[PDB]
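A.B. asks: There's a structure below that I have some questions on.
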């Protein structure tokens with residue numbers, strides 16, 4: 002009982018119109034197999050430009066965030082409806098930068114994901130513990146709590162878990178170059194599988210993709226991709242470089 | 002010592018690609034005098050589409066929000082650099098929906114504005130009190146506190162106030178249809194002028210535009226626009242309708 006590999010590239014708050022056009026063009030020009038999901042997430046104002054430049058039949062474009070309300074009086078926010086109207090089907094939710102730096106609570110992330118999922122979108126739901134929480138030996142407690150908030154919102158509607166791609170990114174690995182070792186990563190993904198089996202369904206744990214993120218790059222992704230419970234990567238800085246295409250190849254050849 | 006009128010249309014989280022194209026086209030097709038600043042603020046993902054559809058030489062496009070950091074690891078956020086790279090020069094900051102519903106603090110709004118201003122952008126800085134604060138007779142205290150946070154960030158760099166357009170929108174008037182009377186609005190703008198004179202400069206208070214927002218529409222904007230300290234309007238719901246063009250005409254003929 003395995004899985005369709007997944008690699009997402011989160012551009013974060015980076016890029017100019019020319020960078021988006023050129024970089025998306027370079028990615029789209031790369032041979033992308035039909036056996037692996039490849040998604041890139043440019044900043045909101047760059048979405049249209051990225052879509053126009055994406056000449057690939059496999060590459061999909063995603064948003065880095067979405068609000069938990071539909072269209073209405075939510076100045077500065079983006080609705081699921083807007084993303085779907087633009088032809089987008091993927092969206093990142095709960096990235097630790099929003100959780101830890103911008104105050105996005107466990108419940109808000111969960112509500113954003115639920116709304117996106119109910120409308121038919123695929124959600125890259127991020128979870129991860131800080132250096133201090135790990136030092137306090139609370140790694141699994143935290144990751145599970147974040148996943149539980151989502152479980153509370155979906156709960157019964159298990160089927161909605163089908164369009165969820167969990168992205169484990171230890172906060173101490175985000176933008177620090179301090180990537181997790183295959184053992185550290187696999188150990189956490191194992192704990193996440195177990196939680197899914199118990200709180201969701203044994204069958205579902207076998208199908209849901211769980212990707213690793215946090216300093217993942219061309220020279221370290223192969224060893225990570227060889228781990229049974231690591232279905233791919235959520236790439237940050239490296240997704241802005243040509244090595245992102247190499248990571249795609251490595252992921253394909255590995256699983 | 003007077004001012005160049007200003008009318009901004011905040012679309013908030015509304016619109017589809019077709020709506021943006023058609024609505025922006027209809028606005029752009031309207032005769033816009035060179036004597037009044039007219040700006041519309043579509044949602045972030047619609048910016049490019051709006052720019053493409055804006056065939057007017059006078060109409061300017063603005064963003065509804067911006068982050069307080071430059072390009073970097075800020076997932077889901079937009080930088081000033083991105084907005085300027087797109088040719089945008091206006092941005093709304095501190096809208097009460099973000100302050101009151103999304104937790105944007107007085108200091109965060111102030112820091113966002115300062116960064117935008119330092120880079121050369123024009124900022125529509127929103128302020129406003131809630132029904133309870135007004136009932137508690139704390140209307141001016143609150144509005145002044147929000148303005149003071151900005152004053153703390155700019156403080157000395159007074160000159161930066163040149164590109165600031167203050168938008169007073171009583172929270173109880175936002176999306177409720179309960180517009181402020183000309184007396185209520187003028188009274189607050191008078192108090193804001195006085196604060197500016199004391200904490201900024203007598204000269205500057207004479208030049209800075211202070212616009213009214215909150216249920217402003219085609220049938221009530223004339224009486225508001227006739228008030229000496231009301232230089233224009235920040236239009237919400239009405240900016241999504243053809244009456245927005247009427248408001249432009251009314252503002253022009255009035256001052």
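Chains as they are written, first to last, in full-length UniProt numbering: chain A, 2 to 256; chain B, 2 to 256.
Yeah, the Cβ is synthetic: ideal placement off N, Cα and C, and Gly gets one too.
(1) Per DSSP, what are the beta-bridge partners of residue 169 of chain B in this structure?
(2) Can you confirm whether residue 36 of chain B, when its beta carbon is compared against all beta carbons of chain A, has any partner nearer than 8 Å?
(3) Just to confirm before moving on: does the CB-CB distance between residue 125 of chain B and residue 172 of chain B stay below 8 Å?
(4) What is the DSSP secondary structure of residue 232 of chain A, counted as helix, strand or coil?
(5) Identify the contact partners of residue 123 of chain B in chain A, using a Cβ-Cβ distance below 8 Å as the criterion.
(6) When DSSP labels each residue in this structure, what does residue 180 of chain A get in the three-state scheme?
(7) Whole-angstrom Cβ separation of residue 115 of chain B and residue 84 of chain B, contact assumed at under 8 Å?
(8) When the Cα atoms are used, what is the spatial distance from residue 203 of chain A to residue 169 of chain A?
(9) With DSSP run on the structure shown, which of helix, strand or coil describes residue 190 of chain A?
(10) Whole angstroms are fine: how far does the CA of residue 53 of chain B sit from the CA of residue 184 of chain B?
(11) Beta strand (DSSP E) containing residue 7 of chain B: first to last residue?
(12) Looking at chain A, which residues of the stretch 91-103 of chain B have a Cβ within less than 9 Å of any of its Cβ atoms?
(13) For residue 55 of chain A, which residues in chain B fall below 7 Å Cβ to Cβ?
(14) Any C-beta of chain A sitting closer than 8 Å to the C-beta of residue 228 of chain B?
(15) 8 Å is my cut-off, CB to CB: does residue 222 of chain A come that close to chain B?
(16) Let me know the alpha helix (DSSP H) ranges lying completely inside the stretch 50-103 of chain A, each 4 residues or longer, listed in chain order.
(17) Does residue 150 of chain A come within less than 8 Å of chain B when only Cβ atoms are used?
(18) Can you name, in chain order, every residue of its own chain whose Cβ lies under 8 Å from the Cβ of residue 14 of chain B, other than the five neighbours on each side?
(19) Counting contacts by CB-CB distance shorter than 8 Å, is residue 130 of chain B in contact with chain A?
(20) With distance defined between alpha-carbon atoms, name the residue in A/33, A/11, A/224, A/65 nearest to residue 186 of chain A.
(21) Can you say whether residue 160 of chain B is buried or exposed, counting buried as having 16 or more other CB atoms within 10 angstroms of its CB?
(22) Let me check understanding here. Comparing Cα to Cα, which of B/178, B/219, B/230, B/213 lies closest to residue 194 of chain B?
(23) At a CB distance below 9 Å, what residues from the stretch 232-244 of chain B approach chain A? Give them in sequence order.
(24) Evaluate contact between the stretch 62-74 of chain A and the stretch 89-106 of chain A, counting only Cβ atoms and requiring at least three cross-stretch pairs below 8 Å.
(25) For chain A, is any of its Cβ atoms less than 8 Å away from the one on residue 49 of chain B?
(26) Could you spell out where the alpha helix (DSSP H) holding residue 19 of chain B opens and where it closes?
(27) Establish whether the CB of residue 68 of chain B and some CB of chain A are separated by less than 8 Å.
(28) Please list the partners that residue 86 of chain B has in chain A, where partner means a Cβ-to-Cβ separation under 7 Å.
(29) State the start and end residues of the unbroken alpha helix (DSSP H) segment that holds residue 251 of chain B.
(30) Taking the CB atoms as reference points, tell me whether residue 7 of chain A and residue 226 of chain A lie closer together than 8 Å.
C.D. replies: Answer, in terms of the structure:
(1) Reading the second chain from its first residue, position 168 is the one you call residue 169 of chain B. DSSP, once it has assigned bridges, lists B/128, B/213 as partnering residue 169 of chain B.
(2) On the second chain, residue 36 of chain B is found 35 positions in, with the first residue counted as 1. No, residue 36 of chain B lies away from the interface with chain A (no Cβ there is under 8 Å from its Cβ).
(3) Counting from 1 along the second chain, the entry for residue 125 of chain B is found at position 124. Counting from 1 along the second chain, the entry for residue 172 of chain B is found at position 171. No.
(4) The count along the first chain starts at 1 and reaches residue 232 of chain A at position 231. It is coil, neither helix nor strand.
(5) On the second chain, position 122 is the one that residue 123 of chain B refers to. What residue 123 of chain B touches in chain A: nothing, since even the nearest Cβ is about 17 Å away.
(6) For this step, residue 180 of chain A is matched to residue 179 along the first chain. Coil, per DSSP.
(7) For this step, residue 115 of chain B is matched to residue 114 along the second chain. For this step, residue 84 of chain B is matched to residue 83 along the second chain. Going by Cβ atoms, the distance from residue 115 of chain B to residue 84 of chain B rounds to 15 Å, so no, they are not a contact pair.
(8) Residue numbering aside, residue 203 of chain A sits at position 202 when the first chain is read from its first letter. Residue numbering aside, residue 169 of chain A sits at position 168 when the first chain is read from its first letter. Approximately 20 Å, taken between the alpha carbons.
(9) For the purposes of this step, residue 190 of chain A is taken as residue 189 along the first chain, with counting starting at 1. In the structure shown, residue 190 of chain A sits in a helix (DSSP, three-state: H, G or I).
(10) Position 183 of the second chain, counting from 1, holds the residue named residue 184 of chain B. Position 52 of the second chain, counting from 1, holds the residue named residue 53 of chain B. Looking at the two C-alpha atoms, the distance is approximately 40 Å.
(11) Stepping through the second chain from its first residue, residue 7 of chain B is reached at position 6. Its beta strand (DSSP E) spans residues 7-11.
(12) 93, 96, 97, 98, 99, 102, 103
(13) Here residue 55 of chain A is taken as the residue at index 54 of the first chain, counted from 1. Simply none; closest approach about 14 Å.
(14) Stepping through the second chain from its first residue, residue 228 of chain B is reached at position 227. No, its Cβ sits nowhere closer than 8 Å to a Cβ of chain A.
(15) Walking along the first chain from the start, residue 222 of chain A turns up at place 221. For residue 222 of chain A, the answer is no, since every Cβ of chain B falls outside 8 Å of its Cβ.
(16) 81-86
(17) Numbered from 1 along the first chain, position 149 holds the residue referred to as residue 150 of chain A. Residue 150 of chain A does not count as touching chain B.
(18) Mapped onto the second chain, residue 14 of chain B falls at position 13. Closer than 8 Å at Cβ, skipping near neighbours: 44.
(19) Within the second chain, numbered from 1, the residue matching residue 130 of chain B stands at position 129. No, residue 130 of chain B does not count as interfacial toward chain A.
(20) In the first chain, residue 186 of chain A corresponds to position 185, counting from 1. Closest option to residue 186 of chain A, Cα to Cα, is A/224.
(21) On the second chain, residue 160 of chain B is found 159 positions in, with the first residue counted as 1. Label assigned to residue 160 of chain B: exposed.
(22) Working through the second chain from its first residue, we reach residue 194 of chain B at position 193. Measuring from the Cα of residue 194 of chain B, the nearest candidate turns out to be B/230.
(23) 237, 238
(24) yes
(25) Start at 1 with the first residue of the second chain, and residue 49 of chain B comes out as number 48. So, interface residue.
(26) Position 18 of the second chain holds residue 19 of chain B. Residues 18-29.
(27) Here residue 68 of chain B refers to the residue found at position 67 when the second chain is read from its first residue. Yes, because at least one Cβ of chain A sits closer than 8 Å to the Cβ of residue 68 of chain B.
(28) Within the second chain, residue 86 of chain B is the residue found at index 85, counting from 1. Those are 17, 18, listed as they occur along chain A.
(29) The residue given as residue 251 of chain B occupies position 250 in the second chain. Start and end: 244-255.
(30) Residue numbering aside, residue 7 of chain A sits at position 6 when the first chain is read from its first letter. Residue numbering aside, residue 226 of chain A sits at position 225 when the first chain is read from its first letter. Contact flag unset, no.
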